[PDB]
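Okay, so here's the structure we're looking at.
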Amino acid sequence: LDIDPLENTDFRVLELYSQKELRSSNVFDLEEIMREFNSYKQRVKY
Amino acid sequence: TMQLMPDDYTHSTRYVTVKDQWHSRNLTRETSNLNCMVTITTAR
């Protein structure tokens, strides 16, 4: 009986879609709409 | 004719033909400020 012992394997944390790739996926980005709003909200100079 | 010039900034890029607002002083008068503005936004 020569049974080889089972090797320890290190499961990695698997990242399918990147974070920067996740919000990159929405047609409507609230962050840049609210921002686009206050950018408009500052259009008056005399 | 009036030429376009750059605004001041977001992801948007604006070009305007007038950078100020204007008016003047017997009876109630109503001035019109006309601005032509080309803006460039990213669309997803």
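All residue names refer to the structure tokens as shown: chains lettered A, B, ... in order, residues numbered from 1 in each chain, ligands numbered from 1 in order.
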| request: Output the contact residues of chain B with respect to chain A at a cut-off of 12 Å, based on only C-alpha atoms, as a PyMOL selection string. | output: chain B and resi 7-14+16+18-23+33+35+37+39+41-44
| request: Name the residues of chain B that fall into strand (DSSP E) according to DSSP on the backbone, using the chain letters and numbers of this document, as a ChimeraX atom specification. | output: /B:5-6,13-16,37-40
Keeping N, CA and C atoms, export the residues of the selection given above as a CSV table (one decimal), in the first residue's frame.
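New file again18.csv:
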chain,number,residue,atom,x,y,z
B,5,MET,N,-16.6,79.7,-28.8
B,5,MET,CA,-15.4,79.6,-28.0
B,5,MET,C,-15.7,78.7,-26.8
B,6,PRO,N,-14.6,78.2,-26.1
B,6,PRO,CA,-14.8,77.2,-25.1
B,6,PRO,C,-15.3,77.7,-23.8
B,13,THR,N,-18.3,68.7,-22.9
B,13,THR,CA,-17.4,69.7,-23.6
B,13,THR,C,-18.3,70.7,-24.2
B,14,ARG,N,-18.3,72.0,-23.7
B,14,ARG,CA,-19.2,73.0,-24.3
B,14,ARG,C,-18.5,74.1,-25.1
B,15,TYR,N,-19.2,74.6,-26.1
B,15,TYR,CA,-18.7,75.7,-26.8
B,15,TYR,C,-19.9,76.7,-26.9
B,16,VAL,N,-19.6,78.0,-26.5
B,16,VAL,CA,-20.6,79.0,-26.4
B,16,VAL,C,-20.3,80.2,-27.3
B,37,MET,N,-25.0,77.5,-28.3
B,37,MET,CA,-24.1,76.7,-27.5
B,37,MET,C,-24.0,75.2,-28.0
B,38,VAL,N,-22.8,74.8,-28.4
B,38,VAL,CA,-22.6,73.4,-28.8
B,38,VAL,C,-21.9,72.6,-27.7
B,39,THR,N,-22.5,71.6,-27.3
B,39,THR,CA,-22.0,70.8,-26.1
B,39,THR,C,-21.8,69.3,-26.6
B,40,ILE,N,-20.8,68.6,-26.0
B,40,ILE,CA,-20.5,67.3,-26.5
B,40,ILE,C,-20.4,66.3,-25.3
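Note that the spacing between CA of residue 17 (chain B) and CA of residue 41 (chain A) amounts to 19.0 Å.
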| query | Between CA of residue 31 (chain A) and CA of residue 13 (chain A), what is the spacing in Å? | reply |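 Atom-to-atom, CA of residue 13 (chain A) to CA of residue 31 (chain A), that is 28.6 Å.
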